[PDB]
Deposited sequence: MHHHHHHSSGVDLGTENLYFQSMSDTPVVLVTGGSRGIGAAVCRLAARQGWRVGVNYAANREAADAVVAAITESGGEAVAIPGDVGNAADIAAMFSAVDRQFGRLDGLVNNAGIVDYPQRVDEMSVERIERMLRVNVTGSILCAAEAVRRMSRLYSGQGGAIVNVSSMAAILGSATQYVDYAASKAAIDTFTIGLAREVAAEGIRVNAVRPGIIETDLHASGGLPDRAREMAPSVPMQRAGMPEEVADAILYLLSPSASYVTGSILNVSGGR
């Protein structure tokens, strides 16, 4: 009731699942969003509830604007409030040169990674803003070291899409800082040329995301934290 609520998009696997589990362990109620596979989601919900946590599976593909509104509606119905958003759902594609990419590929990359995250952030701002009788909240977007490195000969489209998330983070953060919403991002590197000599674990990305979501980051907004082992 007075327990804060986080929606995690793409919460069924990998980083998103590690975020959901960690958030519940730190006392959040968790909206576990999945786009295609209800069983995978129910398994994350199960690990949380088994552990004494609170979570609900929420269906919706962030590449679909109608689904976004519905997923936020389901949050309203199930929990009554919204205190955090983790924009983790997104896609990569198979390696291609730019001069081989179809318009359909690029359009989807931008729709899912950029528009999906902007629309989810908008829904969260409408609910958490002190301008609208909210009590403030936090958003963490998931970017990628690709935003810095460029992904040459693999998916420059993906890298561009994540750079758009970096500046979306910076501009939204300055836009809604006074209204009690913090907005930050993380840039995961290689997650299961890296100075630490290994891939990172999804749990290590989650640790950073929950930090930036938490009240121990009360003066942090508009920041983008690399989680990349030095890459």
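- Which parts of the deposited sequence have no C-alpha atoms in the model? Those stretches are 1-23, 216-233, listed in order.
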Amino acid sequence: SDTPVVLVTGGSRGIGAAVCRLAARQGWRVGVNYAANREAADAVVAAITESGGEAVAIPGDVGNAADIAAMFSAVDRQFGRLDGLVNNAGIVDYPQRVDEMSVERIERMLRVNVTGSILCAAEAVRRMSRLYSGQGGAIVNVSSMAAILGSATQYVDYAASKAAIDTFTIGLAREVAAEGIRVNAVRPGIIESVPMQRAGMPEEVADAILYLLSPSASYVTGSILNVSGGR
From here on, numbers count along this sequence of modelled residues.
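- Query: According to the deposited model, is the average Cα temperature factor higher in 127-135 or in 88-96?
  - Reply: Mean CA B-factor is higher for 127-135.
- Query: Do the C-alpha atoms of 77-85 or of 137-145 have the higher average B factor in the entry?
  - Reply: Higher mean C-alpha B-factor: 77-85.
- Residue of maximum C-alpha B factor among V183, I190, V186, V45, per deposited coordinates: Most elevated C-alpha B-factor of the set, per the entry: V45.
- Most elevated Cα B-factor in the entry, residues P195, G27, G31, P202: In the PDB entry, the greatest C-alpha B-factor among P195, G27, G31, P202 is found at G27.
- Third of the chain, ranked by Cα B-factor, where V176 sits: Within its chain, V176 is a middle-third residue by C-alpha B-factor, going by the deposited values.
- Where does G222 sit by CA temperature factor within its chain: lowest, middle or highest third? According to the entry, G222 has a C-alpha B-factor in the chain's lowest third.
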